[PDB]
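Novice: Under the entry's author numbering, the residue at position 320 of the sequence shown is numbered 324, and the numbers go up by one with no gaps. Pasting a structure below so you can have a look.
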Amino acid sequence: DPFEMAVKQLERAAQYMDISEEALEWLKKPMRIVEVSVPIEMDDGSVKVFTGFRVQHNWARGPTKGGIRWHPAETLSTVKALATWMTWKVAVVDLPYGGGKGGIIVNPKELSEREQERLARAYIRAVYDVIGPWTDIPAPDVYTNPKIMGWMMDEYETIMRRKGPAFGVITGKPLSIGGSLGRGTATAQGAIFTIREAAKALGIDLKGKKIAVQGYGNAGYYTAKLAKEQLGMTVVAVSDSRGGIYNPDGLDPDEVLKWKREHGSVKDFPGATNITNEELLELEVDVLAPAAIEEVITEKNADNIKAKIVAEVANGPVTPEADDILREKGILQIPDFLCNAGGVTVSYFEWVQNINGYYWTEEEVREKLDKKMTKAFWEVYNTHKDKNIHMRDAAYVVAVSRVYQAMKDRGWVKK
């Protein structure tokens, strides 16, 4: 059970900090869960009803934030756990946000464009009473895209009768309608900033060093590319689901992406030796950035990791036992929800731009993301050094401490 795992993680985090029992009990339960029926008209004329969710875990720090998932395997427990996880994600980077999450149990591959638009509009019509620019701001997620986000924003604006900033009700919108610059490279840019801060903390100069990226999707490719130009590092290995490649002299991320786009995979790249993901994770490098399927570092390969810095771009790619093993080896790990917090930070920036009615440029968005990521990483690392605990635990302590302080300030909990 996902919610049980989230609650267990929260209890483990509370073990390393001084938090009252009533606050822990408050945080173990989402503050509002909304389950609604989503009726749409199919192209054949029949009416189908889908199950939609909108979980608002906590809003002590501000309006809740979280994406909407369109997956056939969606469950209320998964949405609750992801909302609980969104709370700490926005808390670690000091955003004025709470935790939220949505989801519809639907297979979008079986739905046409008109049916998808009807589904988005009906979901907005169903959850309008619990969402808003200052109440709950949805976002893109798995199997959802900026097109659906724009449809949802249009439906919300139609229902609201344009009485306020309807652009700010939802993030990830297209640039033509309340969109924000720098959204495509948000996660990779945040990961690069955290990697640079980690190198500064460890005293390593990344100029001319080596990086290996596990996973070559959007985040992985942009991370490798970002690193290559901004950090000056040498990309020596990238991998895909089919396989991976290695080159001591370095790989060009643009050429690798073009070859992957042409042939469907990064395998058989010219001048590169084809390798499997398992030895790619074990390469002698300085930075390792798993940006693919989670749980890639376990008991089998934990002892064989030779990277100095492990930037968990993906969602929890390292098991807690592997976490302890790598910590014993002196390898610094950037926590998963801290390394990839650039996306939510850029969504917050988009919300600020929509609320204010004034839109920034690429440079400003990139200067603000730099400040936010640097401050969050340094706070987490200072907690690491002071409490002599695992980085992951330090980030959890920071997030839970911020949420607990916000709850105490409102008077929700008296201890």
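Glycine included, every Cβ here is placed at the ideal spot set by N, Cα and C.
Output the residue ranges of the alpha helix (DSSP H) runs that lie fully inside the region 11-98 and measure 4 residues or longer, sorted by chain position.
Specialist: Whole alpha helix (DSSP H) segments, 4+ residues: 25-31 and 80-96.
Novice: Do you know whose CA, among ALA27, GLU161, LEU123 and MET35, lies nearest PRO43's CA?
Specialist: The shortest Cα separation from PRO43 among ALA27, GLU161, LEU123 and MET35 belongs to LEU123.
Novice: Label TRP382 either buried or exposed according to how many other C-beta atoms from any shown protein chain fall within 10 Å of its C-beta, with 16 as the threshold for buried.
Specialist: Exposed, by the Cβ-count rule.
Novice: Identify every run of the alpha helix (DSSP H) within the region 119-166, keeping only runs that are complete inside it and at least 4 residues long; order them along the chain.
Specialist: Entirely contained in the region 119-166, the alpha helix (DSSP H) runs reaching 4 residues are, in chain order, 150-164.
Novice: Return the residue from the list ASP244, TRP30 and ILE37 that minimises the CA-CA distance to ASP272.
Specialist: Comparing Cα-Cα distances from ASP272 to each of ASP244, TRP30 and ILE37, the minimum goes to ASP244.
Novice: Using 8 angstroms as the threshold, is the region 152-169 in touch with the region 120-134, meaning 3 or more CB pairs across them?
Specialist: The region 152-169 is in contact with the region 120-134.
Novice: Enumerated in chain order, which unbroken segments of the beta strand (DSSP E) with a length of 3 residues or greater are wholly contained in the region 263-309?
Specialist: Correct list: 277-279 and 291-294.
Novice: For the region 71-84 against the region 142-150, are there 3 or more C-beta pairs whose distance is under 8 angstroms?
Specialist: Flag = yes, the region 71-84 and the region 142-150 touch.
Novice: Taking 7 angstroms as the cut-off, decide whether the C-beta atoms of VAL369 and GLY186 are in contact.
Specialist: Their beta carbons are under 7 angstroms apart, which means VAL369 touches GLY186 by this criterion.
Novice: What does DSSP give as the partner residues of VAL314 in its beta bridges?
Specialist: For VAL314, which the question treats as bridged, DSSP gives the partners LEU292 and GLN337.
Novice: Which first and last residues belong to the beta strand (DSSP E) in which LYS105 is found?
Specialist: First-last of the beta strand (DSSP E) with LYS105: 102-109.
Novice: In three-state DSSP terms, what is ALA241?
Specialist: Looking at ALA241 - three-state DSSP - the assignment turns out to be strand.
Novice: Considering Cα atoms alone, identify which of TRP63, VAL94, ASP98 and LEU115 is closest to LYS52.
Specialist: If we check each option's Cα against that of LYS52, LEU115 comes out closest.
Novice: Can you tell me whether DSSP reads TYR226 as helix, strand or coil?
Specialist: Reduced to three states, the DSSP call for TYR226 is helix.
Novice: Less than 7 angstroms between the C-beta atoms of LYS84 and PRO34, yes or no?
Specialist: In this structure, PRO34 lies closer than 7 angstroms to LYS84 by Cβ.
Novice: Considering Cα atoms alone, identify which of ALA296, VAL317, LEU287 and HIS267 is closest to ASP307.
Specialist: The option with the nearest alpha carbon to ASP307 is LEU287.
Novice: I'd like the span of the beta strand (DSSP E) that includes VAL217, first residue to last.
Specialist: Note, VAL217: beta strand (DSSP E), 214-218.
Novice: Select from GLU303, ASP374, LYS229 and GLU354 the residue whose C-alpha is nearest the C-alpha of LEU179.
Specialist: Comparing Cα positions, the closest option is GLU354.
Novice: Report, in whole angstroms, the separation of the C-beta atoms of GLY102 and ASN358, which I expect to be a contact under 8 angstroms.
Specialist: In fact, because the Cβ distance is near 18 angstroms, the residues do not count as touching under 8 angstroms.
Novice: For the beta strand (DSSP E) containing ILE249, name the first residue and the last one.
Specialist: From DSSP, the beta strand (DSSP E) with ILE249 extends over 248-250.
Novice: So what does DSSP say about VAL417, is it helix, strand or coil?
Specialist: Three-state DSSP puts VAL417 in coil, outside helix and strand.
Novice: Out of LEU28, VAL11, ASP5 and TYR20, which one is the CA nearest neighbour of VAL407?
Specialist: Among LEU28, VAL11, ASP5 and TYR20, the Cα nearest to that of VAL407 is on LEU28.
Novice: Between which two residues does the alpha helix (DSSP H) holding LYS389 run?
Specialist: Start and end: 366-391.
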